[PDB]
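**Student:** Chains as they are written, first to last, in the deposited numbering: chain B, 584 to 621; chain A, 585 to 621; chain A', 585 to 621; chain B', 584 to 621. A prime marks a further copy of an entry chain. C-beta atoms are modelled at their ideal positions from N, C-alpha and C, and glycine is treated no differently. Below you'll find the structure I mean.
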Amino acid sequence: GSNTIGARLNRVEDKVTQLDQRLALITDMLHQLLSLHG
Amino acid sequence: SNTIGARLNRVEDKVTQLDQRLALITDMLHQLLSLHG
Amino acid sequence: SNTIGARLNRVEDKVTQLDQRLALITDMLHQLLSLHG
Amino acid sequence: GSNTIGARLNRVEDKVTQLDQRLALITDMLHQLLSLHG
Ligand code: NI
């Protein structure tokens, strides 16, 4: 629980996973931008 | 400042900052996409 | 798989993956900037 | 040394710092792109 080493690492891992999903979405937006230029 | 608890709270803070950056980058990309049509 | 060592090696691996993504995003942005002139 | 909990956390913190610097550079590139469109 919000204090514990295991809990902190759990939050960190979840957050990093969320960063990865946002970066996949950012990459997709960039693909769209590149494709719409030709 | 070199304890496990101290290191972990810096890492969590920095990862949170990274998410803030990601939200701004996402907004900028929405602006760019919409500006193109 | 729930040990501190196991958690930390997943976190380090994921953070490394994030850097790979960042390098690709950077390349794409260089392409876009240069395509504009 | 590459094994230790403190060492692993040191690598993780350094890497996250590097991610932050890359994301600042990405943001700058996006600012340039937006500005060159008007
Ligand atoms: Ni354009």
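Between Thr610 (chain A') and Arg605 (chain B'), is the Cβ-Cβ spacing less than 8 Å?
**Tutor:** Against a cut-off of 8 Å, the Cβ pair of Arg605 (chain B') and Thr610 (chain A') comes out as a contact.
**Student:** Using the three-state DSSP reduction, which class does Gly621 (chain A) fall into: helix, strand or coil?
**Tutor:** Looking at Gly621 (chain A) - three-state DSSP - the assignment turns out to be coil, as it is neither helix nor strand.
**Student:** Just verifying my parser: in three-state terms, what is the DSSP assignment at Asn586 (chain A)?
**Tutor:** The answer is coil: DSSP assigns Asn586 (chain A) none of H, G, I, E or B.
**Student:** Which of the residues in the stretch 597-610 of chain A', read from start to end, lie with their CB under 8 Å from any CB of chain B?
**Tutor:** Here the close residues are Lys598, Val599, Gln601, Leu602, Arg605, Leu606, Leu608 and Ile609.
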